[PDB]
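Visitor: Okay, handing you the structure first.
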Number of protein chains: 2
Amino acid sequence: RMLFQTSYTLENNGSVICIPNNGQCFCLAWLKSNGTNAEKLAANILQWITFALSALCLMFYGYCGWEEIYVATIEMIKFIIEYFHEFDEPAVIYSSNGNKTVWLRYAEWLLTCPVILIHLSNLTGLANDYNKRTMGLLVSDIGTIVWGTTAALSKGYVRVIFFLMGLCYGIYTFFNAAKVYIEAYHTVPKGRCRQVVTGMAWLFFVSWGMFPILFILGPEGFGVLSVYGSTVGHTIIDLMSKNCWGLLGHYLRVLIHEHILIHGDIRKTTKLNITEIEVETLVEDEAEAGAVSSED
Amino acid sequence: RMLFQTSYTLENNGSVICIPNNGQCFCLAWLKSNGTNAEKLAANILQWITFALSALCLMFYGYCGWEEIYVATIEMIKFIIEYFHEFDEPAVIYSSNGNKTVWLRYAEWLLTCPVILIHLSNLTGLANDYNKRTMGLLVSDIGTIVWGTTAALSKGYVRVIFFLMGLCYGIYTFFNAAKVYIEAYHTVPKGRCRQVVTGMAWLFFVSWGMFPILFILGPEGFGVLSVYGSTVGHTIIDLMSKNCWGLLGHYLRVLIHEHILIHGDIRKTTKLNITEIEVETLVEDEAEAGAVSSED
Ligand SMILES: *[C@@H]1O[C@H](CO)[C@@H](O[C@@H]2O[C@H](CO)[C@@H](O)[C@H](O)[C@H]2NC(C)=O)[C@H](O)[C@H]1NC(C)=O
Ligand SMILES: *[C@@H]1O[C@H](CO)[C@@H](O[C@@H]2O[C@H](CO)[C@@H](O)[C@H](O)[C@H]2NC(C)=O)[C@H](O)[C@H]1NC(C)=O
Ligand SMILES: CCCCCCCC/C=C/CCCCCCCC(=O)OC[C@H](O)CO
Ligand SMILES: CCCCCCCC/C=C/CCCCCCCC(=O)OC[C@H](O)CO
Ligand SMILES: *C\C=C(C)/C=C/C=C(C)/C=C/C1=C(C)CCCC1(C)C
Ligand SMILES: *C\C=C(C)/C=C/C=C(C)/C=C/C1=C(C)CCCC1(C)C
């Protein structure tokens, strides 16, 4: 079934490989097993469940809001490609140094990173503007993925360097993502909205933190995980990172917009000090509309 | 000098290739010449000249302004890698379907696309905020590059489809980039500043428009251009796209900031209709500060 050379003969007591002169690329490295049938079976189940959640989130969003639908849109196109060509090039890149690189995974990331990070910069959905910090988040995160993809394509000390360059960009991303969530928390009304923001923060840092961990564990790192093993781990954090996070996002947005429908846009001036930061706290009381320096 | 297999024997009248069983990947496709010595020589000269311009722009910017320096920073790191490992994997990816993909080129693009597009969204350097349109520009442009990179890694009708998907995202980018330049033109003071904005628009559309043209002409498309031929074409549009555009950008920014130093921030309300758009026209006269509906 492969469309590289899979048939060869060993000659001179396995010191020579002879192949048909049919123009196909050849490498033993490419033919290594992707894992056990149990790992594969587990991966095909989690993918269908991902397809189901992607399908239901989309129809649900069908009843502003563009970031959640798009991540579900990209996720459904991803599943149709997995279904037909999951291990066909270039869903997997089989390269000259013998590496298998899951370009399918890194491509989806590059596609939706702006969408997710714009949504990070718009949790309430009320903003029409994005600050300087949003721009640093996008630049740092895209650098991270570009260095990481380069690390996956490389070997030896070149892989180590590009991974370290990704980690430096990544730390800058995590640091600034943390400030956004802190501002969001003190912006939204006091009740359920702050539960959802707290939920989104946990989902975000755990699921995003797991990507560099799965890199180090996978064939791109120390080869602890098999390819199916890596797919299974990716499906779990994929469900958290995309479907669940966007679902919680849409829910938060609904709650905020309903607050404007009942109480109206009643802002405050919570001056944080987690520094000398400032925030417009939506409240349910018209009376409350003053400067509350809550130095953290 | 290659670190894939370069030594082989033809057997049974060229129907069989025999290779040392040394674990190296092998493909004839990878060994095709990259072009003539004249093409190579031309490419090495334009690269040094690019290194020189990248070096001088950086020192010059050394005497806010972060987008121009970064593009020169990424450009210098690019040249040191070209100098030592231009045709080593993964600066070029040699893949199982026989393709050579210049990952070096696509990586630089992904890295700086936010930087350039943020700078597009900040020509005057006075804005502290970015509108909804900036976000669509970044999402569309990163999609374009992801589809294009996928097209370069693919073959046959799969390459055609991903290229078309890139073109659809690309058209959305070009359309919205055009509106930004139109707003910028009617925002800046009447004199030299509008010459520079006009210069930046021409540089941008010509240099950005040439990338899909060089794709179609290169090994990733109809193979009209050789690899050195493609490098030469890339160096020319690289000089325009990065160094020259950022230099004109820094110059514009200086002019605008000097306007605030002499006349001060005197805005207007030029209501454009190229629709029902609005603009804050910086003027050199305190008197002029009214609504000028200039329906285009
Ligand atoms: C064919 O090459 C193989 C290399 O595997 C040789 O087999 C082994 O021989 C050495 C003895 O020098 C042992 O260390 C290994 O234990 C042997 N077996 C294996 C499975 O590795 C074999 O001797 C060679 N034959 C000739 C004629 O050179
Ligand atoms: C070895 O294979 C080659 C294939 O190139 C054969 O060479 C050619 O033979 C055919 C005649 O059937 C001609 O059409 C070509 O013009 C020949 N030359 C070349 C350069 O292509 C050759 O006949 C084969 N030998 C044997 C014993 O099968
Ligand atoms: C801020 C977010 C917090 C979470 C961040 C997770 C921290 C992971 C860092 C590990 C350093 C260890 C070195 C990593 C080098 C990776 C490259 C590699 O695997 O090298 C290939 C090998 O040398 C040839 O087979
Ligand atoms: C909006 C910006 C204006 C400028 C935009 C430029 C327009 C280029 C479009 C061409 C369509 C022609 C089809 C292109 C298909 C490309 C894929 C390809 O080369 O296919 C490989 C081939 O089939 C196997 O060798
Ligand atoms: C599809 C959805 C998401 C959220 C994908 C996220 C991917 C990452 C956060 C990747 C992060 C990396 C880091 C932090 C450093 C090493 C290289 C990586 C790209 C794996
Ligand atoms: C390094 C600096 C720049 C400005 C790089 C730009 C690259 C592009 C504009 C690429 C555009 C593409 C398009 C429009 C459609 C086909 C795929 C491409 C990625 C080549």
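Every number in this text was worked out from the coordinates using simple rules, so none of it is lab data. Positions of Cβ are generated from backbone atoms using ideal geometry, with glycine treated the same way; all protein chains shown enter the neighbour counts.
Visitor: Looking at residue B:112, is it of a type in the set (S, T, N, Q), away from ligand 1 (no atom under 16 Å from the Cβ) and closer than 21 Å to residue B:152 by Cβ?
Guide: Answer is yes for this residue.
Visitor: Can you tell which of B:128, B:97 is surrounded by fewer than 21 Cβ atoms within 10 Å (Cβ to Cβ), at the interface with another protein chain (Cβ under 9 Å from one of its Cβ atoms), touching a helix residue (DSSP H, G or I) at 6+ places or on another chain (Cβ under 9 Å) and under 20 Å from residue B:151 (Cβ atoms)?
Guide: Checking each option against the conditions leaves just B:97.
Visitor: Among the residues of segment A:63-71, is any within 7 Å of another protein chain (Cβ to nearest Cβ), surrounded by 14 or more Cβ atoms within 10 Å (Cβ to Cβ) and more than 16 Å from ligand 1 (Cβ to nearest atom)?
Guide: Looking through segment A:63-71, none of the residues is within 7 Å of another protein chain (Cβ to nearest Cβ), surrounded by 14 or more Cβ atoms within 10 Å (Cβ to Cβ) and more than 16 Å from ligand 1 (Cβ to nearest atom).
Visitor: Restricting attention to segment A:131-163, which residues are within 10 Å of another protein chain (Cβ to nearest Cβ), in a helix (DSSP H, G or I) and of a type in the set (D, E, K, R)?
Guide: Residues satisfying the conditions are A:132, A:141, A:159.
Visitor: Next up: I'm trying to understand the selection: among the residues of segment B:1-20, which are loosely packed, with under 12 Cβ neighbours inside 10 Å, farther than 23 Å from residue B:90 by Cα and more than 9 Å from chain A (Cβ to nearest Cβ)?
Guide: Within segment B:1-20, just B:13 meets the criteria.
Visitor: Right, another one. Of a type in the set (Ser, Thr, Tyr), crowded, with 17+ Cβ neighbours inside 10 Å and away from every other protein chain (no Cβ under 14 Å): does that describe residue B:54?
Guide: yes
Visitor: Any residue at all in segment B:21-39 that is more than 28 Å from residue B:218 (Cβ to Cβ), part of a strand (DSSP E or B) and within 14 Å of another protein chain (Cβ to nearest Cβ)?
Guide: Scanning segment B:21-39 turns up no residue that is more than 28 Å from residue B:218 (Cβ to Cβ), part of a strand (DSSP E or B) and within 14 Å of another protein chain (Cβ to nearest Cβ).
Visitor: Any residue at all in segment B:205-215 that is buried (at least 17 other Cβ atoms within 10 Å of the Cβ) and among the β-branched types (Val, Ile, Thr)?
Guide: No: zero hits.
Visitor: If you don't mind, another one. Restricting to segment B:266-296, what's the tally of residues that are assigned to a loop (DSSP other than H, G, I, E, B), of a type in the set (A, V, I, L, M, F, W, C) and more than 32 Å from the chain's Cα centre (by Cα)?
Guide: Selection size over segment B:266-296: 5.
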